[PDB]
Asker: 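Here it is, the structure in full.
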Amino acid sequence: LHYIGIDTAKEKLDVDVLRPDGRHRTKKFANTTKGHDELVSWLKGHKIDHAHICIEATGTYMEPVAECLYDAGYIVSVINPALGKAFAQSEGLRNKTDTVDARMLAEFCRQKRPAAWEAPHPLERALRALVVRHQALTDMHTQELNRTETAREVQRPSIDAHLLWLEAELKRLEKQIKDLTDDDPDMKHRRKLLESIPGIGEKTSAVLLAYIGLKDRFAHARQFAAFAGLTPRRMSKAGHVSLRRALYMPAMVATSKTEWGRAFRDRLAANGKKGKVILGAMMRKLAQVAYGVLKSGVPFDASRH
Amino acid sequence: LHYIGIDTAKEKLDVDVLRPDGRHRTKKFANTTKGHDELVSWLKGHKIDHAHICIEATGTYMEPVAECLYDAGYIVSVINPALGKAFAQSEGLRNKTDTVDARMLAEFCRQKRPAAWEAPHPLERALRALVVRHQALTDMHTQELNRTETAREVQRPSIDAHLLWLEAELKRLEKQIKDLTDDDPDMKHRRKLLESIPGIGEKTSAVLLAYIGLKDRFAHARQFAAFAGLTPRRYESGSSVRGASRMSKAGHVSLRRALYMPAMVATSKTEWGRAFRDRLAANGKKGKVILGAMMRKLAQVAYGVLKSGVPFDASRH
Amino acid sequence: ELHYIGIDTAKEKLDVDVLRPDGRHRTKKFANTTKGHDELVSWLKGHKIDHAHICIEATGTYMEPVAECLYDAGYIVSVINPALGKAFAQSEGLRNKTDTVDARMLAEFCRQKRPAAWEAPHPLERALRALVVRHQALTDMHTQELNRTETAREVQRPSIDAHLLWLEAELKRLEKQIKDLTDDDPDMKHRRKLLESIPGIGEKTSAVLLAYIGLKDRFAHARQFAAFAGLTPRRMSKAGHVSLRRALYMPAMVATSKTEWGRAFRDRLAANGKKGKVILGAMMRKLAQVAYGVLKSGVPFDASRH
Amino acid sequence: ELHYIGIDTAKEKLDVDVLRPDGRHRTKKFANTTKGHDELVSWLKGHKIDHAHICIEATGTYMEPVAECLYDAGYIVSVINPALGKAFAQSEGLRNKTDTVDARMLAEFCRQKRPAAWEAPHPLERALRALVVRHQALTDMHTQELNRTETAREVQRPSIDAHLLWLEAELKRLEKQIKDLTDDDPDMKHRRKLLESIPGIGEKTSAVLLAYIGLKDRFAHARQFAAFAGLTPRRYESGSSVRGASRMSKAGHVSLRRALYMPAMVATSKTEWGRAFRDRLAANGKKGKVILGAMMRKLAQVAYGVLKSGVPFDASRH
RNA sequence: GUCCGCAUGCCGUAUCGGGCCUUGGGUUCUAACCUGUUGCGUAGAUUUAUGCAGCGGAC
RNA sequence: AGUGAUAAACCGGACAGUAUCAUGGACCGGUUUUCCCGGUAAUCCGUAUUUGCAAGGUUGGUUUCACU
DNA sequence: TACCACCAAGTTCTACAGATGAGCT
DNA sequence: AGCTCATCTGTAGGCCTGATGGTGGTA
DNA sequence: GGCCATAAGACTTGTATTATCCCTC
DNA sequence: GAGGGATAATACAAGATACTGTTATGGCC
Ligand SMILES: [Mg+2]
Ligand SMILES: [Mg+2]
């Protein structure tokens, strides 16, 4: 079993093979379909058939090669780059370069033996991509709303025209998201379950489903709450900002306008917890209950809370 | 002569009068047209005819009251908010940081006797509004451009639709700016003079007019370069203390923002600019250091050319 | 007819800037020497300047000779805390820092702010303060060597031991010199005795307090003297003499631990859930105020008041 | 067969964590005393732990006795730079309960990394380092009193003048004790003479260099010794877009880095080989302090080089 | 009701540090070349939030 | 101490943003320093968006209940 | 009258200065 | 033997840890 | 069945801008 | 003569003040 580190750039890949005997092989390739084919050929040239490959999440530039190698039948791991940075310090490395990084990742692979990565399902990719786009538009819409607050009259026609366009485009995406989940029987069913939770509506169900996926890739609900960056350490914030930010207003609605939410808010209020601290707790609770309800396969039952 | 400080917020004004005899008169008002009329009456009530008011430049919320008082005939100074903060720290060693009161502003006014403020011409206000709008849409356009690189396929129709919209809008504002400056014969002439400078074109000339204005409100070109935050900040004391010089950046960000690309065009594609680049390069200056020097130079020549009243003459450089 | 004069100060040179009533400036550079200071007084009288208010930053001890020269010549002198000058420059919108700029800045500071006049301290106060801060220096070095004995190698031990003996003898010598100083003055002797009547304050703290409180009633309120030490909150400000603040912590511990009035104070704050060091912080402020209070009263400490 | 043991040390107590081949742990606390150390070894031999690799953090003199005990008991001991410990913990997860490093973490560090084995220094190497370190302390104190002379009040000056004399005599005394140490050992006498043959290295810098290099050559390459001093440039590069400036890493002993600054200033100013090096670098647009940095690295590297060569400084090689 | 008095309550995390650890990257390949800004020392200045409470005195 | 179970309890301060303000050090001719008067589109002192904008990654600590 | 231990525990600013080794007087 | 003089914006990381002064208590 | 008010108060890689010149149709 | 592409720069830190929106639900007509 070989261990292979790949350092990724926009244009090139730097590869470092760590042989069982402990010697290294190194080569650069273009970060292209042609380059990826050269890489697989080169590995099978040196009779490397069984290998565990470690690569860092580097924008989207690592994705095609990771899929390529997975299909070629290698174990691929895509690591959070924070882990790689800490690892480099733990090895007492005194430089940061492409070849240094590729070698660091081969050692990471051997010592840590990280979990294997799976390529997401085409629909999972699509839904995530629509949810991320929708959030980008929403942010732009908010920028333009803030501007109306202090805008001069000559500026105001421009801002208004833009707000109309952005409102129409947001509505179009929402329908494109709905069509996606309605067409897949699994997603249609899983979305209907998420919405049964009081405090979770159309917008938040699509976000939750985008990050949970089609399958139950988490063993326990609390792992998904950790995934979102919501568990205390202060909150870790070791997780997707986009998932975490999407739960804040659902938390307020829950703690304010639902039976199970108010019950939770009061119990923590009694123990002398401040406004946001409760919302923090409710965010973590919504994440956990959302995953729980999907495992159960059954509508939200308030009796459990 | 009285000394009045006004502490401004969205909804409420807080006023503090400082009498010649050294006593204070304080009152709060609404930040509305009604509130501003109450204020003038309340001053005129206490026979305060001559005064020097000092207001922080907090944003658009303090502009209506400043214009109200300027019209009522008082002397109004609108001060950079960072001066107020620094003034407080000069008044004691343990003063409440992050607090500048109306009382503190009345003192500021008395001690410093700041320069008077003049409400801008309606045409200057218009042009500045359009230019600032133009810059905002450019930034959104660059946001969406950056996204096309790494976008997923489902996302691309959306990003493409938005880019076409933003281009059409940018083209429209450009025309609106052009129609503004062409319908005023002074601005039409002044803009033509700016664009005669090699490295200054349609977009930079508008930004420059927006901040120079119709009148010549700077006595010297070196003051306009200071205004943009482009001058080097020297730091020396005695024999021991010798800080390195750097662009001060104490000045208007929108001006400074607009001059970097012109500077890069001037030092690259132009005689008088390459002349300047080569000299400083010989004397050991790095590439982006030279750019910062060209930024200050363009500012200063822009003001020089307008004051001269004739097109850019290369012989002077 | 009052002129306003700024002086920027360096080790070797002085930059002087004179702001006239009519509003025009006169400037000149001088050597920072006895001869230079004489040239300065001549240059002013040359320009027919008798009434001036002079403003100079506290710049180590380099500003002190010229401050004394000008005060003796009969001018008004203000020695300003330079943190105020830096804020002033920023309030004045200045974009460069040079010696000629700073001298001009200080002349305006003078005109606008009209700071309180500076009085040169009494020779006895100057000496006492000098001995106290020396004593503190050597105590710092003694603690360093003493900390080293813990982890020291055996070849290092003879050296560290020999130094500890030297520093102990020197500290004793200085303490005696301080005692001889305060004894030879009737007022200081009396005031020293009053301060030591406070439970928690002994030979060492009393000399530090005398060295900053003055010979006379210098402060108008107790909390002013507590602010002077950097003890009033704004978190504790720490904007004040570190040598005075340093001196009050161990008194504060012994008082809150082993005195009636101090334990009383400790318990009151402990009732309201205050941490160990937070109580000590509070006790430091209190001691500073009571030290000032007792001296003003002119009579020994009375616990009944607290 | 091989066990992996972490030891979390404090002044008073040890906290031990054995990690067995099967993957289960043993834990027991001991007193940090001669008794405790003897008790620890017996407890290990009780559980028939004869082959092990112990891993301890380098926290000072409080952990040295136990490390020596175990080394003599026949185990493999590693004394790790504690910064490695903290970084390893962060590499093990994204949301760890605490940032602290404990005995269990050290056992896992040891298993995954199999760090290099620690060796107790020679008694003379230990003595020489101790004397050199003491000398540096006395210099700093002397420098403090020199600075005070400048702005002292008159009533203070007797005190400062008397201290300055005491410290000057003590520094002179300690220099002789260092000279006697190196002269008495034929190996150290020789090595020290070699170092002083280098232009720009004299009596003070030679003793500091010996103190860290020691009696034997424990670096495979001279460049590793410059790294040890923290004198090597730190490259920061990634892809097309990420390019930092190379700056002295400073990841090594301050004492060496401190010691070499003036030798570098002397070498580049007065010696031939140093001026040669200054000139070429200065021909490129290298600033004055940048060249000093470079010369500090070179001096470190040639110091190690010359000792490895075993023959005086040959100028023909430069 | 106002003005004064205060060794008053509310508010408060001192000072100086000390010791030990550190086995680059690239190259024309290890005392060569490209890549390099050490260490962190000294002195001086610092006058209330009387802000709000108490308690006391005078008018 | 491992192993499972967990939509329960304890620990929990999300994100994104918006608008606005800024009158050098000095140099060159007079005076014979500066100031002041006159001049500054020149020379020396400059690392833009007070370092802008985009994308990607993130599988709790414990408490209970079992089982050994 | 002299000696002991134990209480508490993880800001600004304005100016200055040494070091070491090789060559020169 | 003693003196001179060579560089100027600022920016590694970690883990162990303690005295001080004054008082009441003790010898 | 449609509309409105209300609840809280750091890692790994990338990138454009404008104005002038130069080129093709 | 009009329209479009390529291009110049690279370690980062170093002023302030005033402010706003997100979603999902239980209320309303
Ligand atoms: Mg990488
Ligand atoms: Mg000064």
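In what follows, chains are A, B, ... by sequence order, proteins preceding strands, each numbered from 1. Scope of the values below: all heavy atoms of this structure, side chains included, with no hydrogens, waters or symmetry mates.
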Asker: Give a yes or no on whether H:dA19 and E:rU15 pair, Watson-Crick or G-U wobble, both distances under 3.5 Å.
Answerer: yes
Asker: If I pick the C1' atom on E:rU42 and the same atom on G:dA17, what distance separates them, to the nearest angstrom?
Answerer: 7 Å
Asker: Among F:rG12, H:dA12, E:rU46, which is the nearest nucleotide to the side chain of C:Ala239?
Answerer: E:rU46
Asker: Once salt bridge (charged side-chain N to carboxylate O under 4.0 Å, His left out) is applied, do any residues pair with C:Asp140, and if so which ones, sequence neighbours excluded?
Answerer: C:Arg246
Asker: Please determine whether H:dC15 and E:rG19 constitute a Watson-Crick or G-U wobble pair, defined by two donor-acceptor distances each under 3.5 Å.
Answerer: yes
Asker: Taking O4'-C1'-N9-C4 for purines and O4'-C1'-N1-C2 for pyrimidines, is G:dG18 syn (within 90° of 0) or anti?
Answerer: syn
Asker: Decide whether a cation-pi geometry holds between C:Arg218 and C:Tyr292; the criteria are a distance under 6.0 Å from NZ or CZ to the six-membered ring centre and an angle within 45° of the ring axis.
Answerer: no
Asker: In whole angstrom, give me the gap between the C1' atoms of G:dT14 and E:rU46.
Answerer: 13 Å
Asker: Go nucleotide by nucleotide along RNA chain F from the 5' end; which of B:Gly229 and B:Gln143 gets its closest nucleotide reached first?
Answerer: B:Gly229
Asker: If you only use heavy atoms from C-beta on, which nucleotide in E:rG39, F:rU58, F:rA55 is closest to the side chain of D:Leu94?
Answerer: F:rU58
Asker: With heavy-atom distances below 4.5 Å as the criterion, would you say the side chains of B:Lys203 and B:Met261 are in contact?
Answerer: no
Asker: For E:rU23, take OP1 and OP2 only and decide whether either is under 4.0 Å from a side-chain N or O of A:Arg94.
Answerer: yes
Asker: Give me the distance, rounded to whole Å, that separates J:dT10 from F:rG46 when you measure between the P atoms they each carry.
Answerer: 16 Å
Asker: Between N or O atoms, less than 3.5 Å apart, protein on one side and nucleotides 16-19 of chain H on the other: list the pairs.
Answerer:
residue : atom : partner : partner atom : Å
H:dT17  : OP1  : D:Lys11 : N            : 3.0
H:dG18  : OP1  : D:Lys11 : NZ           : 2.8

Asker: Do A:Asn95 side-chain and E:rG24 base share a donor-acceptor contact under 3.5 Å?
Answerer: yes
Asker: Taking only side-chain nitrogens and oxygens of D:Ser249, does any of them come within less than 4.0 Å of OP1 or OP2 of E:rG36?
Answerer: no
Asker: Would you mind pulling out the nucleotide paired to E:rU35, Watson-Crick or G-U wobble, both distances under 3.5 Å?
Answerer: E:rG24
Asker: Touch check for D:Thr151, heavy atoms < 4.0 angstrom, all strands: base, sugar-phosphate only, or nothing?
Answerer: sugar-phosphate
Asker: Has the side chain of B:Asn80 got a donor or acceptor that lies under 3.5 Å from a partner of the other kind on the base of J:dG15?
Answerer: yes
Asker: For A:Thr258 and A:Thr255, work out which heavy atoms get closest and say how close.
Answerer: OG1-N, 4.5 Å
Asker: Just compare E:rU48, J:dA11, F:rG56 and give me whichever is closest to any side-chain atom of A:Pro81.
Answerer: F:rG56
Asker: Does a nitrogen or oxygen in the side chain of D:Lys250 sit under 4.0 Å from OP1 or OP2 of H:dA12?
Answerer: yes
Asker: So, using side-chain hydrogen bond (donor to acceptor under 3.5 Å, both in side chains) as the criterion, who are the partners of A:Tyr248 when residues are at least two apart?
Answerer: none
Asker: Name the nucleic acid region contacted by A:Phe218, choosing base, sugar-phosphate or nothing; use a 4.0 angstrom heavy-atom cut-off, strictly under.
Answerer: base
Asker: Hey, is the side chain of B:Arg147 poking within less than 4.0 Å of OP1 or OP2 on F:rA55, counting only N and O atoms?
Answerer: yes
Asker: Both donor-acceptor distances under 3.5 Å, either Watson-Crick or G-U wobble. Does G:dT14 meet that with E:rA43?
Answerer: yes
Asker: Taking the same atom, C1', in F:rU49 and in F:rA42, what whole-Å distance lies between them?
Answerer: 29 Å
Asker: Would you mind reporting whether D:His253 and D:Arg257 have side-chain heavy atoms less than 4.5 Å apart?
Answerer: no
Asker: Considering only atom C1', compute the distance from E:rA53 to E:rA49 and round it to an integer number of Å.
Answerer: 13 Å
Asker: Between atom NE2 in B:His252 and atom P in F:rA48, what is the gap in whole Å?
Answerer: 19 Å
Asker: Determine the Euclidean distance between corresponding P atoms of F:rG56 and F:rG17; express it in Å to zero decimal places.
Answerer: 14 Å
Asker: With hydrogens left out and only the distance checked, is there a donor-acceptor pair under 3.5 Å joining C:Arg26's side chain and the base of F:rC35?
Answerer: yes
Asker: Answer yes if F:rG60 and E:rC11 form a Watson-Crick or G-U wobble pair with both distances under 3.5 Å, and no otherwise.
Answerer: no
Asker: Any heavy-atom pair between the side chains of B:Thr231 and B:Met247 that's under 4.5 Å?
Answerer: no
Asker: Please compare B:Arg257 and A:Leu230 by the position of their nearest nucleotide in RNA chain F and report the one closer to 5'.
Answerer: A:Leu230
Asker: Mind telling me if E:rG25 is syn or anti? Syn here is a glycosidic angle within 90° of 0.
Answerer: anti
Asker: Return yes if a side-chain donor-acceptor contact under 3.5 Å exists between B:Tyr61 and A:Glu149, otherwise no.
Answerer: yes
Asker: If we require both distances under 3.5 Å, is F:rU51 with F:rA19 a Watson-Crick or G-U wobble pair?
Answerer: no
Asker: Could you tell me how far J:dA16 sits from E:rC33 if I compare only their P atoms? Round to whole Å.
Answerer: 48 Å
Asker: Walk along nucleotides 28-35 of chain E from 5' to 3' and tag each nucleotide B, S or - by protein heavy-atom contact under 4.0 Å, base first, then sugar-phosphate.
Answerer: --BBBBSB
Asker: Just checking: do F:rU50 and F:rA16 form a pair, Watson-Crick or wobble, with both of the defining distances under 3.5 Å?
Answerer: no
Asker: Output one letter per nucleotide in nucleotides 4-10 of chain I: B when a protein non-hydrogen atom lies under 4.0 Å from the base, S when only the sugar-phosphate is that close, - when neither is.
Answerer: -BBBBS-
Asker: Quick one: list whatever passes side-chain hydrogen bond (donor to acceptor under 3.5 Å, both in side chains) with A:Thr138, sequence neighbours left out.
Answerer: none
Asker: What is the nucleic acid contact for A:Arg234, judged by heavy atoms within less than 4.0 Å: base, sugar-phosphate only, or nothing?
Answerer: sugar-phosphate
Asker: Does a nitrogen or oxygen in the side chain of A:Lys203 sit under 4.0 Å from OP1 or OP2 of J:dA24?
Answerer: no
